[PDB]
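Trainee: Give me a 3D structure for the following:
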Amino acid sequence: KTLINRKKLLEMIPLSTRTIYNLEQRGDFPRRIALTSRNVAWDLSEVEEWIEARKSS
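Mentor: Numbers count the residues shown, from 1 in each chain. Take a look:
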């Protein structure tokens, strides 16, 4: 339903861009979506699900 940008993602998750990228490459963070070859975004629902999964470990 909703795609969020880097700024909103970093406002939600207190992590740096580097750590989030490394987590994505490890398969441990929702993969960014290339809206274009210049624009990226994250599915809000997947970010929330990742937060809950971290809360449940």
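Trainee: and the gap between residue 14 and residue 28?
Mentor: From residue 14 across to residue 28, the span is 16 Å (C-beta to C-beta, to the nearest Å). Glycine gets a C-beta too; all of them are placed from N, C-alpha and C.
Trainee: Mind checking which of those two has more residues around it?
Mentor: More crowded of residue 14 and residue 28, by other C-beta atoms under 10 Å: residue 28, with 12 against 7.
Trainee: isn't residue 17 right next to residue 9, touching?
Mentor: No. Contact status for residue 17 versus residue 9: not in contact, 9.2 Å apart, counting by C-beta atoms under 8 Å.
Trainee: Looking at those two, which has the bigger crowd around it?
Mentor: Taking other C-beta under 10 Å, residue 17 and residue 9 do not tie; residue 9 has more neighbours (20 against 10).
Trainee: can you give me the offset of the lengthiest helix in the chain from its chain's centre?
Mentor: If you go by DSSP state H, the chain has its longest helix at helix 44-56. Its chain's C-alpha centre and that of helix 44-56 lie 10 Å apart, by C-alpha atoms, centre = their mean, to the nearest Å.
Trainee: contact partners of that helix?
Mentor: Under the criterion C-beta atoms under 8 Å, 6 or more residues apart in numbering, residues 1, 2, 3, 4, 9, 12, 13, 29, 30 lie in contact with helix 44-56.
Trainee: CA-only coordinates of that helix in CSV, if you can.
Mentor: In CSV, the C-alpha atoms belonging to helix 44-56 read as follows (Å, rounded to 0.1, in the frame of the first residue of the first chain):
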residue,chain,number,x,y,z
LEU,A,44,6.3,-0.2,4.8
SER,A,45,4.6,-3.5,5.7
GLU,A,46,7.9,-5.5,5.2
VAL,A,47,9.8,-2.9,7.5
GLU,A,48,7.1,-3.3,10.2
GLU,A,49,7.3,-7.1,9.8
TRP,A,50,11.1,-6.9,10.2
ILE,A,51,10.6,-4.8,13.4
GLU,A,52,8.2,-7.4,14.9
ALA,A,53,10.6,-10.2,13.9
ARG,A,54,13.4,-8.4,15.7
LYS,A,55,11.1,-7.9,18.7
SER,A,56,10.2,-11.7,18.8
